[PDB]
């Protein structure tokens, strides 16, 4: 019958188009993945930082891509909900190669950012990045899978040292990434309601914010976020970090 892969991708893509706020908690292993499925979420994300910290490596494409894909494959085997994987800047792979690998690993979404770790953290030009996303969308289309390509820009995080007006750059970049065929966009580093509103209003696809699982997001509480029109919430490294802090405090009772 139908590949599970294509079914999961269609569901994930449909959910992104629905207009609902999608919470896609960010996992790092089959244990954390299982917890997300058991909790009733409709999909999940895999964080590169927390996977790297849990597998003897570090963020910034220090992991071996093949080793990382092996972790993804275990996660996608362990759950029956759609899985998206943060592939950083693409690990020096062509967009078509990148898509082939994530599909082989059973994932139906990716994040791709504009800081190129294999090139000294060079910041891609806005159109150069949109073109990378466009080529990834082309490859997904050719493969016949509704991969949710979440186009990430680091513009706000890079800040005034890189861009005269980082918010104007972020808006430009998410518009271009939408035009390139991204089914979600992820302008990281936001802290205010005004930033969020401006970015939500610039595109017709979901805008992703990063939340702490207890502390939320700087722009406001979850009801405020929904009211601002935020359509994707992920945790990045902050679920793992929260567990770490919780553990550290509790271990003081033992030594």
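Positions refer to the first chain, counted from 1.
- Here 156 to 164 and 139 to 147 are compared by their mean Cα B-factor, and 156 to 164 comes out higher.
- Sort the chain's modelled residues by C-alpha temperature factor and residue 64 lands in the highest third, per the entry.
- Among the modelled residues of its chain, residue 214 has a C-alpha B-factor that falls in the highest third according to the deposited record.
- In the PDB entry, residue 129 places in the lowest third of its chain by CA B-factor.
- Split the chain's modelled residues into thirds by C-alpha temperature factor. Residue 99 is in the lowest one.
- When the CA B factors of the chain's modelled residues are split into thirds, the value for residue 35 lands in the lowest one.
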